[PDB]
Structure formats: C-alpha cells, structure tokens
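> Got a structure here, written out as structure tokens. Questions coming.
Each answer follows from the model by the rule given with it, or from the source it names; none is laboratory data. Positions of Cβ are backbone-derived with ideal geometry, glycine not excepted, and every protein chain shown enters the neighbour counts.
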C-alpha cells in the first residue's frame, strides 16, 4: 500500500520536469521570429530536412514512469471502447433484422397483387 | 480509491510527452534556418511516423525488463498482468461481427433490387388501366 | 394494414408532393427540434418508408447535412445516416464528390474539437458512408466515383487526433479494416475493368497505419497483400506502380520474420540510424539486445503477449508437463533458461521443438494458420 505512494512522487517529479522543458522550448520557439517578421517561410528543402529524420531527441533518464505510463493510458481505453462498440453494432444488427421481416413480407403481397391485377387485365 | 489519481495524472503525463516531442522537434527547424517553418501534408507524414515509431519502441522497454522475472510488485506487476491479459475481444466476438453486418447488408440490398423494378413495372399496369 | 403506405404511393405516381413524401420529411424537420416526443418510435416508420424510394432518398441527403442542423441534436442524424445512407444511388453523377468530402470535413471539424471526447460521433458516419460504397461498387457505371471517394476517405481518417497511441478509442481502426476489406473484395472479384491506380492505398496513408499497436488491423493489412498479390502479377512490375508494394512486402517481411531489421536500408523510410541512436539509450544491458528488442510490440510473433498466451495453452492441452517459467519469449530468455537450465531435467516434455527459437516460432506459426480461429496472418516468408 506504500510502493504506489512513492510511485506518485516519482510521477510528479518527471511530469514537472517535462512541463519545464516544454515551457523553455516553447519560449525559445519564437526566438528568431522577432528579427524579421516574415511568418511564411516556404523553403524547408529536402537537402537539409532529410537530416532531421536521422536524429531523435528527448531521451529518458532511468527514473522512468514514462514506461508504465504508456500502457495504462492505452490498454484501458482500447478495452473500454471495444466494450462500447459491441453494444452499438448489436443495436444496429437487431434493428436491421427487425426491418428484414417488415419489408420481406411486402415483396410477397405485391407479387400476388400484380398477379390478380394481370388476371383482371386479361379478362378486361 | 487510489488508481483514478494514477489514471488522470497518467493521461496528463502522456499529453505533455506528446506535445513536447513535437515542439522540441520543430524548434530544430526554427534554429537551423532563419524563419522558414511551413511544411505540407507530403512531408508531415514523414515527420509523424517517426514519432509513432519512437514511442512504439519505448513501449517495448517493459516487456523485456519488467515482465521477465515474475515478481509480485503490487502497483506494477499484478495490474499489468490483469490488464494486459485483456483485449481478448479481438477474435470472433468482434471480428466476424463485421462479417455478419455485411452478410445482413447483402440480403438487405437483394430485397430491394426486387422491389425497385417491381414498382417500376407495376406503374405500367396502372396507367394502362382504363377508366 | 401495412400496404396502404404503398398503394397510396402507387395510386397517382411518384416524384411529386404526394401524401407520404411530405409527411416523412415534415417528421424529420420536427424531430431535430426537441419539442416533439423522442423519435425512437418515429424513425422506424421513417426507415421503413424510406428504404429504396430513390426519388425521395435523393432529398433527405441534400437537406439534413452540412452542420446547418447537426449541432441541434446529433443523436439522431447518426441514426438517419445509418438508415438511408446504406441504400442510395446517384444520378447527378458529377455533383457528389464535391459534396461528401465537404460533408465529412464538416463532420470532422466539429467531431474532435468541442467536448474533447469522440463519443461515437465521427467514425460511425464514416462506417456508414463506407457501407454505402459497397452498394455503389457492386453495380456498374459509377465505380469511378467510388474508388475516387474512397482514397480521400482514408486520407481523412488518418489525421492524428484520432488514430495514435495517446488516445485511440478504436473507432479509427475497425472503420479502417472495413475500408480495406471493401477494396480487397473489389480486388478478388472477377471481370477486371479498372486501372491499377484505384486499388493501392499508397505510402502516405498506409505506411502510418501499418505501424500501429493493435494486432487485428495489422492482420487486415496482411490480408490486403495476401489477396492483392493476385491480379497485380499480370501487370508488368518493371517500375510503374508496383514498386510501392514491393517496398511494403520487403519491410513487412524484414519486420516480422526476417530479423535483419537493424542494419538494413530505410525500412519504413526512417533511415535506420535512428534505430542505432534509439536502442543505445535503454536498459537491461545484457548481451543479446539488438535482435531481441525490436521485433514486435503488442501481439504478433516474438515480442508480444499473444505468442505466450497461445503457447502456454498450446502445451497445457497436449502434454501436461513443466509449465513455462517467465513471460514473453525472446532470442535470449528462452535460450539461456530452457537450454542451460533444463538440459537434462525436463528434456523430453516439450512439443518436439528440438531446436532453439528458429523452430519455436514455426510451431506456433503453423498453429495460427491451420486452425481457423484466431486470425489469418501468414505473410512471413511469402
């Protein structure tokens, strides 16, 4: 009942550190924007952007409540959404199997109707 | 009791990670050129599948160093064993429901291909009907 | 008792303001505004009277759409679009592609922004339009509409406020497997009358889906290639369009069986030095660490959970022997435990997997395949 009480603070420290990294990086987003306000900037050409798909960033640092993190926020939502989507699919299947009877009895009555009307056409 | 704290702090933690791993990579393209930050849906995908693949690679740093040695860690083993045993609905109770819905749809259009031509031919035996 | 909502239609003629056609559309304009009683016993009369009455079903779609009524209830236009939309035909053949794209973009800008919870509002409408596309492609004369609406339907499903690992809700993924098996049912069918451009998804909206975390849509993307391998063999594959699925087969095989994934070329296109600079900052520092880790994620052959839950059930129902002592298999844990730890003791209590790992995958890969229950996932070698 106490290991989770330490896991709480191990979560709190690193979520605060990631918040502070995000605030500093977002404050350094607009650093070279004030030098010349252009705000379109088309050339992101392939000779230099292909370098960016070769080096990552923001590694972990062994305290790691980012490890268990990603599973208890994925494999709860997947199971919960499946247990709702079965309910909606069975509701639609029940209503369409209700509609197949109500509009397959009609295709008999109209056939035997135009049969007797063709008889009255033949007798004129 | 003391798991909804885990779930809500958990979702906030995942969202902060997800936003930081995008902004900290756009900062590189800010610093490399002068201003030069637009990119369209041709190369947005090439920047996005990598951030899919890196977080998916960090996913498999548990199933080799946490679920080899069968411990009895209260917060971190039995919940992962009770809950990753789930997603057991992937077979017949969800896959062939998608088959059965199409198998109902096929009969439902077959029972209209009759009725449409049936009424379009039943028109011509009611204006032909004299007075 | 249940025919004089049809003989009253046949009495004068169709395609004019008769008794039922005014009545049902007045009930639809009454049911959105919450002053009338709740429509759960009014909309069955609507879905009955509007099944295939094409001169009327081409008139609810052009009226009750495009956000002008959507924000009012939305708990019943979804049901209407479950009703009429699987039964429709076009006759204004040029004025439809410029309508459904606008309609579902106006779905999407309200679906995932306010409320911040996809509570079954976007993807069921995509599933219903995707059900309509079966009705369209089954006939003739308008498949060129269908296999042009389908591609930007999939390119609208794969925006990443829906599909990825932060929050998923699954409503992308089975809608996508419907969106791909409609195309493969178009693929397996005879009487080829279309160009190859219509039926290959392309590396911008399929290379992102194939790297997901749920097993069954990876099985659907396997089912695509195992069925579209037919009929693409006839076209000359000398670098026209078939290069794309050569890339896709030669990284799926490099991913799930042929473990040469580290020092190969650009596997998804990610230039795999990314792997050499992401493997070298993670833990459990034992020797077999390059080939053990990056092989699978959450469900297919080596590093998974479905492997051991099929293997432990596999050997508890053949020879009740010493059970497995750990969790997920690897290249090293199975070796360094069940060879130098149960060499003589517990020798012949196994499933005749006499070799190491290279035959341990095969004695479940010939178990997923032949017994027709779990999946059909056999694109390992071929």
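> Would you pick out the residues in the stretch A:32-48 that are more than 7 Å from chain B (Cβ to nearest Cβ) and either surrounded by 13 or more Cβ atoms within 10 Å (Cβ to Cβ) or not in a loop (DSSP other than H, G, I, E, B) (or both)?
A:46, A:47
> Name every residue in the stretch C:276-301 that is within 9 Å of another protein chain (Cβ to nearest Cβ) and in contact (Cβ under 8 Å) with a residue 60 or more places away in the chain, in order of residue number.
Listed by number, the residues that qualify are C:297, C:298, C:299.
> Out of B:13, B:35, B:51, which single residue is at the interface with another protein chain (Cβ under 7 Å from one of its Cβ atoms), more than 23 Å from residue A:80 (Cα to Cα) and touching a helix residue (DSSP H, G or I) at 6+ places or on another chain (Cβ under 8 Å)?
B:35
> Out of all the residues in the stretch C:174-194, is one or more within 30 Å of residue B:40 (Cβ to Cβ), surrounded by 20 or more Cβ atoms within 10 Å (Cβ to Cβ), within 14 Å of chain A (Cβ to nearest Cβ) and over 11 Å from the mean Cα position of the chain (by Cα)?
No, the stretch C:174-194 contains no residue that is within 30 Å of residue B:40 (Cβ to Cβ), surrounded by 20 or more Cβ atoms within 10 Å (Cβ to Cβ), within 14 Å of chain A (Cβ to nearest Cβ) and over 11 Å from the mean Cα position of the chain (by Cα).
> Can you find a residue in the stretch B:3-13 that is assigned to a loop (DSSP other than H, G, I, E, B), over 18 Å from residue A:47 (Cα atoms) and more than 19 Å from the chain's Cα centre (by Cα)?
yes
> Any residue in the stretch C:200-217 that's more than 7 Å from every other protein chain (Cβ to nearest Cβ): show its pairings with residues that are in a loop (DSSP other than H, G, I, E, B) at Cβ separation under 7 Å, as long as the two are six or more apart or on different chains.
Pairs found: C:200/C:241; C:205/C:158; C:209/C:158; C:217/C:209.
> Could you name every one of the helices (runs of 4 or more DSSP H) located completely within the stretch C:52-114 that has at least 3 residues being under 28 Å from the mean Cα position of the chain (by Cα) and away from every other protein chain (no Cβ under 12 Å)?
Here the list reads C:97-111.
> Residues C:239, C:207: which one is assigned to a loop (DSSP other than H, G, I, E, B) and on the phi > 0 side of the Ramachandran plot?
When all the criteria are applied, what remains is C:239.
> Specify which of the listed residues (C:206, C:233, C:174) is out of contact with any helix residue (DSSP H, G or I) (no Cβ under 9 Å at 6 or more places or on another chain) and either under 21 Å from residue C:251 (Cα atoms) or in the same structural domain as residue C:148 (by TED's automatic domain parsing) (or both).
Result: C:233 is the single residue among C:206, C:233, C:174 that is out of contact with any helix residue (DSSP H, G or I) (no Cβ under 9 Å at 6 or more places or on another chain) and either under 21 Å from residue C:251 (Cα atoms) or in the same structural domain as residue C:148 (by TED's automatic domain parsing) (or both).
A quick yes/no check of all residues on (1) free of Cβ contacts under 8 Å to residues at least 60 places away in the same chain; (2) under 26 Å from residue C:51 (Cβ atoms); (3) assigned by TED's automatic domain parsing to the domain that holds residue B:21:
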site	(1), (2), (3)
B:44	yes, no, yes
B:54	yes, no, yes
B:64	yes, no, yes
B:67	yes, no, yes
B:72	yes, no, yes
B:76	yes, no, yes
B:93	yes, no, no
B:103	yes, yes, no
B:110	yes, yes, no
